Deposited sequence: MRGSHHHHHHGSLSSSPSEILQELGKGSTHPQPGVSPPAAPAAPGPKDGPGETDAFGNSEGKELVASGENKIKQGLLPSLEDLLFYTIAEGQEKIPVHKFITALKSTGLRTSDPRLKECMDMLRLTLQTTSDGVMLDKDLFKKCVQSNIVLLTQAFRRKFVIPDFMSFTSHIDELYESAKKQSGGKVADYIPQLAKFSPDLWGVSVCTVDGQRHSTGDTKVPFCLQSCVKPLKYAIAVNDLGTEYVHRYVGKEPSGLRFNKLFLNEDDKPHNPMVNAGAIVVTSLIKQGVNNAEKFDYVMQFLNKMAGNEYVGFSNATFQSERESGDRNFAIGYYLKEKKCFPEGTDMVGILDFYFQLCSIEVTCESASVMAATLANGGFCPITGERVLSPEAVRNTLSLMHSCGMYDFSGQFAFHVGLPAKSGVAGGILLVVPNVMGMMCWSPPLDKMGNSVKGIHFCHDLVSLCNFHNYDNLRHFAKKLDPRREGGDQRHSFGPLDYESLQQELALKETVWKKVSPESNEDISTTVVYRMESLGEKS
(Lines of atoms letter the chains of each structure in order from A and count residues from 1; the text may use other names and numbers.)
(Lines give C-alpha, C1' and ligand atoms only; values in the text may rest on other atoms or scores of the structure.)
Protein backbone atom coordinates (compact mmCIF):
# COMPACT_ATOMS: atom_id res chain seq x y z
CA UNK A 1 0.00 0.00 0.00
CA UNK A 2 1.36 3.47 -1.03
CA UNK A 3 -1.05 5.69 -2.95
CA UNK A 4 0.70 9.10 -3.12
CA UNK A 5 4.06 7.64 -4.21
CA UNK A 6 2.44 5.54 -6.96
CA UNK A 7 1.91 8.87 -8.73
CA UNK A 8 5.49 9.99 -8.09
CA UNK A 9 6.82 7.09 -10.17
CA UNK A 10 4.07 7.74 -12.73
CA UNK A 11 5.44 11.28 -13.25
CA UNK A 12 9.11 10.45 -12.47
CA UNK A 13 10.06 7.94 -15.19
CA UNK A 14 11.41 5.47 -12.59
CA UNK A 15 13.71 8.34 -11.94
CA UNK A 16 15.68 10.30 -9.33
CA UNK A 17 13.51 13.44 -8.95
CA UNK A 18 11.25 15.56 -11.13
CA UNK A 19 11.36 19.29 -11.83
CA UNK A 20 8.11 21.04 -10.95
CA UNK A 21 7.46 22.41 -14.44
CA UNK A 22 7.45 18.75 -15.51
CA UNK A 23 4.73 18.18 -12.91
CA UNK A 24 3.06 21.45 -13.90
CA UNK A 25 2.80 20.65 -17.59
CA UNK A 26 1.86 17.07 -16.68
CA UNK A 27 -0.92 18.71 -14.65
CA UNK A 28 -1.78 21.46 -17.13
CA UNK A 29 -2.18 18.70 -19.73
CA UNK A 30 -4.64 16.72 -17.61
CA UNK A 31 -7.07 19.49 -18.44
CA UNK A 32 -7.05 20.85 -14.92
CA UNK A 33 -5.48 24.22 -14.34
CA UNK A 34 -3.22 25.23 -11.43
CA UNK A 35 -6.17 27.31 -10.13
CA UNK A 36 -8.66 24.55 -9.27
CA UNK A 37 -10.19 25.19 -5.80
CA UNK A 38 -10.13 21.48 -4.86
CA UNK A 39 -6.36 21.73 -5.63
CA UNK A 40 -5.69 24.68 -3.31
CA UNK A 41 -3.80 22.86 -0.55
CA UNK A 42 -1.40 21.05 -2.89
CA UNK A 43 -0.87 24.24 -4.87
CA UNK A 44 -0.22 26.18 -1.68
CA UNK A 45 2.48 23.78 -0.54
CA UNK A 46 4.27 24.25 -3.88
CA UNK A 47 4.33 28.01 -3.43
CA UNK A 48 5.99 27.06 -0.11
CA UNK A 49 8.68 24.55 -1.05
CA UNK A 50 9.64 26.55 -4.14
CA UNK A 51 10.82 29.25 -1.69
CA UNK A 52 12.72 26.53 0.25
CA UNK A 53 15.73 27.23 -1.95
CA UNK A 54 16.35 29.26 -5.07
CA UNK A 55 17.02 25.87 -6.69
CA UNK A 56 14.96 23.94 -9.25
CA UNK A 57 13.09 23.09 -7.16
CA UNK A 58 13.15 19.22 -7.58
CA UNK A 59 10.87 16.94 -5.55
CA UNK A 60 11.68 13.90 -3.40
CA UNK A 61 9.18 11.08 -2.99
CA UNK A 62 8.43 12.51 0.49
CA UNK A 63 8.53 16.19 -0.48
CA UNK A 64 6.18 15.44 -3.38
CA UNK A 65 3.91 13.30 -1.19
CA UNK A 66 3.72 16.21 1.28
CA UNK A 67 2.01 18.53 -1.23
CA UNK A 68 -0.19 16.00 -3.05
CA UNK A 69 -1.30 14.22 0.13
CA UNK A 70 -4.13 16.74 0.45
CA UNK A 71 -5.77 16.33 -2.98
CA UNK A 72 -4.35 12.89 -3.83
CA UNK A 73 -7.70 11.39 -4.76
CA UNK A 74 -8.60 13.74 -7.59
CA UNK A 75 -4.92 13.83 -8.54
CA UNK A 76 -4.58 10.13 -9.31
CA UNK A 77 -7.71 9.99 -11.46
CA UNK A 78 -6.29 12.93 -13.41
CA UNK A 79 -3.04 11.06 -14.23
CA UNK A 80 -4.79 7.65 -14.34
CA UNK A 81 -7.17 9.26 -16.88
CA UNK A 82 -10.35 8.46 -14.94
CA UNK A 83 -11.85 11.80 -16.11
CA UNK A 84 -14.95 11.77 -18.32
CA UNK A 85 -12.65 12.93 -21.06
CA UNK A 86 -9.44 10.85 -20.73
CA UNK A 87 -7.54 12.39 -23.67
CA UNK A 88 -8.30 16.04 -23.05
CA UNK A 89 -5.27 17.21 -25.02
CA UNK A 90 -6.41 16.22 -28.52
CA UNK A 91 -10.11 17.05 -27.95
CA UNK A 92 -9.03 20.68 -27.55
CA UNK A 93 -7.33 20.66 -30.97
CA UNK A 94 -10.73 20.04 -32.59
CA UNK A 95 -12.38 22.68 -30.43
CA UNK A 96 -9.70 24.95 -31.92
CA UNK A 97 -10.52 23.61 -35.39
CA UNK A 98 -14.28 23.98 -34.85
CA UNK A 99 -13.51 27.47 -33.55
CA UNK A 100 -11.52 28.64 -36.58
CA UNK A 101 -13.80 26.87 -39.02
CA UNK A 102 -16.64 28.88 -37.39
CA UNK A 103 -14.45 32.00 -37.24
CA UNK A 104 -15.28 32.89 -40.86
CA UNK A 105 -19.09 32.83 -40.56
CA UNK A 106 -19.35 36.54 -41.34
CA UNK A 107 -23.09 37.23 -41.39
CA UNK A 108 -25.08 38.68 -38.52
CA UNK A 109 -25.68 41.96 -36.73
CA UNK A 110 -25.35 43.00 -33.06
CA UNK A 111 -28.24 44.48 -31.10
CA UNK A 112 -29.21 48.00 -30.00
CA UNK A 113 -23.06 47.55 -28.97
CA UNK A 114 -19.84 45.42 -28.84
CA UNK A 115 -17.47 44.94 -31.81
CA UNK A 116 -18.65 42.36 -34.35
CA UNK A 117 -15.46 40.23 -34.65
CA UNK A 118 -15.35 38.94 -31.08
CA UNK A 119 -15.71 35.20 -30.76
CA UNK A 120 -14.83 32.96 -27.83
CA UNK A 121 -15.50 29.38 -26.79
CA UNK A 122 -14.83 27.97 -23.31
CA UNK A 123 -15.25 24.43 -21.93
CA UNK A 124 -15.50 22.83 -18.48
CA UNK A 125 -16.10 19.08 -18.12
CA UNK A 126 -18.09 17.63 -15.21
CA UNK A 127 -14.63 16.87 -13.70
CA UNK A 128 -12.82 20.18 -14.03
CA UNK A 129 -10.93 20.05 -17.29
CA UNK A 130 -10.97 23.47 -18.99
CA UNK A 131 -10.05 24.91 -22.41
CA UNK A 132 -10.58 28.33 -24.00
CA UNK A 133 -9.78 29.63 -27.46
CA UNK A 134 -10.37 33.16 -28.67
CA UNK A 135 -11.83 36.07 -26.67
CA UNK A 136 -13.09 34.11 -23.65
CA UNK A 137 -12.21 36.70 -20.97
CA UNK A 138 -14.38 39.59 -22.24
CA UNK A 139 -17.50 40.14 -20.11
CA UNK A 140 -21.01 40.19 -21.49
CA UNK A 141 -24.40 40.05 -19.88
CA UNK A 142 -26.34 36.82 -19.54
CA UNK A 143 -29.63 38.41 -20.64
CA UNK A 144 -32.05 35.50 -21.18
CA UNK A 145 -29.42 32.87 -20.32
CA UNK A 146 -30.41 33.62 -16.71
CA UNK A 147 -33.93 32.23 -17.25
CA UNK A 148 -32.86 28.58 -16.60
CA UNK A 149 -30.64 29.61 -13.67
CA UNK A 150 -33.34 31.50 -11.79
CA UNK A 151 -35.91 28.80 -12.59
CA UNK A 152 -33.63 26.26 -10.86
CA UNK A 153 -33.23 28.43 -7.75
CA UNK A 154 -37.02 28.77 -7.58
CA UNK A 155 -37.84 25.04 -7.63
CA UNK A 156 -34.70 24.39 -5.54
CA UNK A 157 -36.31 26.52 -2.85
CA UNK A 158 -40.02 25.72 -3.34
CA UNK A 159 -40.43 22.35 -5.07
CA UNK A 160 -41.99 21.43 -8.41
CA UNK A 161 -45.62 21.42 -7.26
CA UNK A 162 -45.67 24.91 -5.74
CA UNK A 163 -43.62 26.41 -8.57
CA UNK A 164 -46.02 24.95 -11.14
CA UNK A 165 -49.21 26.22 -9.58
CA UNK A 166 -48.08 29.50 -11.20
CA UNK A 167 -46.24 28.54 -14.44
CA UNK A 168 -46.80 25.78 -16.99
CA UNK A 169 -44.28 23.39 -18.48
CA UNK A 170 -44.85 22.69 -22.19
CA UNK A 171 -43.49 24.72 -25.14
CA UNK A 172 -45.56 27.53 -26.62
CA UNK A 173 -45.73 26.89 -30.36
CA UNK A 174 -44.09 28.56 -33.30
CA UNK A 175 -46.95 31.00 -33.89
CA UNK A 176 -48.07 30.71 -30.25
CA UNK A 177 -45.18 32.75 -28.74
CA UNK A 178 -47.15 36.00 -29.17
CA UNK A 179 -49.48 34.90 -26.36
CA UNK A 180 -48.68 35.22 -22.66
CA UNK A 181 -50.93 32.82 -20.78
CA UNK A 182 -51.90 29.28 -21.70
CA UNK A 183 -55.42 27.83 -21.40
CA UNK A 184 -55.11 27.54 -17.58
CA UNK A 185 -54.35 31.27 -17.20
CA UNK A 186 -50.67 30.51 -16.46
CA UNK A 187 -47.63 31.41 -18.57
CA UNK A 188 -46.40 28.79 -20.95
CA UNK A 189 -43.10 27.87 -19.30
CA UNK A 190 -40.21 29.66 -17.60
CA UNK A 191 -38.05 30.33 -20.69
CA UNK A 192 -40.40 32.98 -22.12
CA UNK A 193 -40.52 36.51 -20.78
CA UNK A 194 -44.06 35.84 -19.52
CA UNK A 195 -43.11 32.95 -17.24
CA UNK A 196 -39.66 34.13 -16.34
CA UNK A 197 -41.49 37.11 -14.78
CA UNK A 198 -43.83 34.92 -12.69
CA UNK A 199 -40.85 32.90 -11.57
CA UNK A 200 -38.85 36.01 -10.65
CA UNK A 201 -41.78 36.66 -8.26
CA UNK A 202 -41.60 33.40 -6.32
CA UNK A 203 -37.92 33.87 -5.35
CA UNK A 204 -37.83 34.72 -1.62
CA UNK A 205 -41.29 36.19 -1.18
CA UNK A 206 -41.62 38.52 1.81
CA UNK A 207 -38.15 40.03 1.41
CA UNK A 208 -37.19 43.18 -0.51
CA UNK A 209 -35.43 43.69 -3.87
CA UNK A 210 -31.99 44.71 -2.52
CA UNK A 211 -31.73 41.54 -0.42
CA UNK A 212 -33.28 39.23 -3.04
CA UNK A 213 -30.62 40.14 -5.63
CA UNK A 214 -27.92 39.18 -3.14
CA UNK A 215 -29.59 35.80 -2.60
CA UNK A 216 -29.48 35.17 -6.35
CA UNK A 217 -25.87 36.44 -6.50
CA UNK A 218 -24.81 34.00 -3.76
CA UNK A 219 -26.55 31.12 -5.59
CA UNK A 220 -24.96 32.23 -8.86
CA UNK A 221 -21.61 32.56 -7.09
CA UNK A 222 -21.85 28.94 -5.89
CA UNK A 223 -22.71 27.69 -9.39
CA UNK A 224 -19.70 29.40 -10.98
CA UNK A 225 -17.01 28.14 -8.62
CA UNK A 226 -16.70 31.73 -7.43
CA UNK A 227 -15.36 32.77 -10.85
CA UNK A 228 -16.44 36.03 -12.49
CA UNK A 229 -20.04 37.04 -12.08
CA UNK A 230 -20.64 40.76 -12.43
CA UNK A 231 -23.32 43.35 -13.19
CA UNK A 232 -23.67 46.18 -15.72
CA UNK A 233 -25.62 49.02 -14.16
CA UNK A 234 -25.36 50.35 -17.72
CA UNK A 235 -27.33 47.61 -19.46
CA UNK A 236 -29.72 47.58 -16.47
CA UNK A 237 -30.98 51.13 -17.01
CA UNK A 238 -31.18 50.54 -20.77
CA UNK A 239 -33.17 47.35 -20.04
CA UNK A 240 -35.73 49.10 -17.83
CA UNK A 241 -36.00 52.13 -20.16
CA UNK A 242 -36.75 50.07 -23.26
CA UNK A 243 -38.66 47.15 -21.70
CA UNK A 244 -42.08 48.24 -22.92
CA UNK A 245 -42.87 44.70 -24.13
CA UNK A 246 -42.01 43.55 -20.57
CA UNK A 247 -44.24 46.05 -18.70
CA UNK A 248 -46.96 44.82 -21.06
CA UNK A 249 -46.50 41.27 -19.73
CA UNK A 250 -46.45 42.72 -16.22
CA UNK A 251 -49.85 44.35 -16.15
CA UNK A 252 -51.57 41.47 -18.00
CA UNK A 253 -50.34 39.11 -15.28
CA UNK A 254 -51.56 41.42 -12.49
CA UNK A 255 -55.13 41.44 -13.87
CA UNK A 256 -55.28 37.68 -14.59
CA UNK A 257 -54.18 37.14 -10.89
CA UNK A 258 -51.10 35.10 -11.91
CA UNK A 259 -48.62 36.46 -9.27
CA UNK A 260 -48.64 35.28 -5.63
CA UNK A 261 -50.74 37.24 -3.15
CA UNK A 262 -49.30 40.66 -2.43
CA UNK A 263 -46.70 40.79 -5.19
CA UNK A 264 -45.61 44.33 -5.93
CA UNK A 265 -45.88 43.89 -9.69
CA UNK A 266 -43.56 46.80 -10.52
CA UNK A 267 -41.07 45.64 -7.90
CA UNK A 268 -40.77 42.32 -9.74
CA UNK A 269 -39.85 43.61 -13.21
CA UNK A 270 -37.32 45.99 -11.75
CA UNK A 271 -35.77 42.84 -10.25
CA UNK A 272 -36.07 40.98 -13.58
CA UNK A 273 -34.20 43.67 -15.55
CA UNK A 274 -31.43 43.48 -12.95
CA UNK A 275 -31.16 39.68 -13.39
CA UNK A 276 -30.71 40.14 -17.16
CA UNK A 277 -27.76 42.53 -16.81
CA UNK A 278 -25.67 40.17 -14.65
CA UNK A 279 -22.25 39.87 -16.27
CA UNK A 280 -20.14 36.80 -16.99
CA UNK A 281 -17.24 35.77 -19.19
CA UNK A 282 -17.07 32.64 -21.32
CA UNK A 283 -14.92 30.94 -18.70
CA UNK A 284 -17.08 32.23 -15.82
CA UNK A 285 -20.23 30.74 -17.25
CA UNK A 286 -19.09 27.31 -18.52
CA UNK A 287 -18.75 26.45 -14.83
CA UNK A 288 -22.39 27.45 -14.35
CA UNK A 289 -23.23 25.24 -17.34
CA UNK A 290 -21.28 22.35 -15.83
CA UNK A 291 -23.15 22.62 -12.53
CA UNK A 292 -26.28 21.54 -14.41
CA UNK A 293 -24.28 18.90 -16.31
CA UNK A 294 -23.36 17.60 -12.86
CA UNK A 295 -26.63 17.06 -11.00
CA UNK A 296 -26.42 20.28 -9.00
CA UNK A 297 -22.77 19.91 -7.90
CA UNK A 298 -20.19 22.51 -8.97
CA UNK A 299 -17.40 20.68 -10.87
CA UNK A 300 -14.45 22.77 -9.58
CA UNK A 301 -15.58 23.00 -5.96
CA UNK A 302 -17.57 19.80 -5.28
CA UNK A 303 -20.07 21.94 -3.36
CA UNK A 304 -23.66 20.92 -4.17
CA UNK A 305 -25.77 23.89 -5.27
CA UNK A 306 -29.02 22.61 -6.78
CA UNK A 307 -31.45 19.89 -5.66
CA UNK A 308 -31.62 17.28 -8.46
CA UNK A 309 -35.36 17.82 -8.83
CA UNK A 310 -34.32 21.35 -9.79
CA UNK A 311 -31.56 20.25 -12.18
CA UNK A 312 -33.74 17.76 -13.99
CA UNK A 313 -36.58 20.20 -14.58
CA UNK A 314 -34.33 23.02 -15.76
CA UNK A 315 -32.68 20.76 -18.31
CA UNK A 316 -35.97 19.25 -19.59
CA UNK A 317 -37.14 22.82 -20.31
CA UNK A 318 -33.90 24.14 -21.85
CA UNK A 319 -34.31 21.23 -24.27
CA UNK A 320 -37.68 22.22 -25.75
CA UNK A 321 -37.85 25.94 -25.01
CA UNK A 322 -34.41 27.44 -25.05
CA UNK A 323 -33.55 28.68 -28.49
CA UNK A 324 -36.71 30.78 -28.94
CA UNK A 325 -38.34 29.71 -32.24
CA UNK A 326 -35.24 27.73 -33.23
CA UNK A 327 -35.46 25.32 -30.29
CA UNK A 328 -37.59 22.77 -32.13
CA UNK A 329 -34.91 22.52 -34.82
CA UNK A 330 -32.20 22.90 -32.21
CA UNK A 331 -33.64 20.08 -30.09
CA UNK A 332 -33.67 18.15 -33.38
CA UNK A 333 -30.26 18.75 -34.98
CA UNK A 334 -28.17 19.47 -31.89
CA UNK A 335 -30.42 18.02 -29.20
CA UNK A 336 -28.66 19.47 -26.15
CA UNK A 337 -30.27 21.72 -23.53
CA UNK A 338 -29.02 25.15 -24.45
CA UNK A 339 -30.16 28.68 -23.80
CA UNK A 340 -29.37 31.69 -25.93
CA UNK A 341 -29.64 35.33 -25.02
CA UNK A 342 -29.36 38.47 -27.09
CA UNK A 343 -25.72 39.16 -26.08
CA UNK A 344 -24.41 36.33 -28.24
CA UNK A 345 -24.55 33.89 -25.36
CA UNK A 346 -25.38 30.21 -25.64
CA UNK A 347 -25.33 28.33 -22.32
CA UNK A 348 -24.70 24.93 -23.87
CA UNK A 349 -24.95 21.90 -21.60
CA UNK A 350 -23.80 18.37 -22.34
CA UNK A 351 -25.33 16.28 -19.54
CA UNK A 352 -22.97 14.03 -17.54
CA UNK A 353 -20.06 15.21 -19.75
CA UNK A 354 -19.35 18.92 -19.75
CA UNK A 355 -20.61 22.49 -20.08
CA UNK A 356 -19.93 25.38 -22.40
CA UNK A 357 -20.55 29.01 -23.23
CA UNK A 358 -20.15 30.60 -26.68
CA UNK A 359 -19.93 34.24 -27.61
CA UNK A 360 -20.04 35.98 -30.97
CA UNK A 361 -22.18 39.14 -30.73
CA UNK A 362 -23.44 38.96 -34.38
CA UNK A 363 -26.94 37.44 -34.12
CA UNK A 364 -29.18 35.85 -36.78
CA UNK A 365 -32.82 36.61 -37.70
CA UNK A 366 -34.09 34.67 -34.66
CA UNK A 367 -31.95 36.03 -31.80
CA UNK A 368 -29.18 33.37 -31.71
CA UNK A 369 -25.50 34.13 -32.33
CA UNK A 370 -24.29 33.23 -35.84
CA UNK A 371 -20.93 31.65 -34.97
CA UNK A 372 -22.50 30.30 -31.78
CA UNK A 373 -25.13 28.30 -33.69
CA UNK A 374 -22.72 27.08 -36.40
CA UNK A 375 -20.31 25.81 -33.72
CA UNK A 376 -22.89 23.50 -32.06
CA UNK A 377 -23.72 21.99 -35.40
CA UNK A 378 -20.06 21.19 -36.07
CA UNK A 379 -19.59 19.95 -32.49
CA UNK A 380 -22.35 17.34 -32.65
CA UNK A 381 -21.29 16.70 -36.25
CA UNK A 382 -18.04 15.42 -34.83
CA UNK A 383 -18.82 13.84 -31.46
CA UNK A 384 -21.76 11.71 -30.26
CA UNK A 385 -23.16 14.33 -27.92
CA UNK A 386 -26.67 14.65 -29.41
CA UNK A 387 -29.05 13.66 -26.65
CA UNK A 388 -30.28 10.58 -28.52
CA UNK A 389 -26.99 9.55 -30.10
CA UNK A 390 -26.13 5.96 -29.23
CA UNK A 391 -23.15 5.57 -26.92
CA UNK A 392 -22.32 2.14 -28.41
CA UNK A 393 -23.04 2.36 -32.17
CA UNK A 394 -22.50 5.91 -33.38
CA UNK A 395 -21.22 5.39 -36.96
CA UNK A 396 -18.41 7.79 -38.01
CA UNK A 397 -18.48 10.12 -34.99
CA UNK A 398 -15.82 10.48 -32.24
CA UNK A 399 -16.68 9.72 -28.62
CA UNK A 400 -14.28 11.72 -26.38
CA UNK A 401 -15.38 9.63 -23.39
CA UNK A 402 -13.14 6.79 -24.73
CA UNK A 403 -9.45 6.40 -25.64
CA UNK A 404 -7.32 5.16 -28.53
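Judged by missing C-alpha atoms, the gaps in the deposited chain sequence fall at residues 1 to 77, 190 to 195, 488 to 539, listed in sequence order.
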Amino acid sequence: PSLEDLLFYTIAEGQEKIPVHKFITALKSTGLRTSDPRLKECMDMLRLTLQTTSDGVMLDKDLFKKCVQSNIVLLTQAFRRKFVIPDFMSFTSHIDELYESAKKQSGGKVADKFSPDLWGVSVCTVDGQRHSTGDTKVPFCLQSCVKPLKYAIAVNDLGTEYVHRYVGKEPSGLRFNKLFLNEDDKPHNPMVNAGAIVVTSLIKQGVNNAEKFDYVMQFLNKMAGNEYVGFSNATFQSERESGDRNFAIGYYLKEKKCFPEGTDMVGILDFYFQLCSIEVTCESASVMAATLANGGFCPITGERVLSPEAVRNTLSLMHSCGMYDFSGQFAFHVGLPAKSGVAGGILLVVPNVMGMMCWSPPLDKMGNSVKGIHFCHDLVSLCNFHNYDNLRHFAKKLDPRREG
From here on, numbers count along this sequence of modelled residues.
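In this entry, the higher average B-factor at the C-alpha atoms falls on 23 to 31, of the pair 349 to 357 and 23 to 31. Between 205 to 213 and 186 to 194, it is 205 to 213 that carries the larger average Cα temperature factor according to the deposited entry. As recorded in the entry, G367 carries the highest CA temperature factor of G372, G335, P37, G367. Out of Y324, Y162, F219, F330, it is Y324 whose C-alpha atom has the highest B-factor in the PDB entry. Ranked by Cα temperature factor within the chain, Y252 sits in the lowest third according to the deposited record.
Ranked by C-alpha B-factor against the other modelled residues of its chain, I11 falls in the highest third. For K103, the recorded CA temperature factor ranks within the middle third of the chain's modelled residues.
When the modelled residues of the chain are ordered by their C-alpha B factor, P116 lands in the highest third. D135 sits in the lowest third of its chain by CA B factor, as recorded in the PDB entry.
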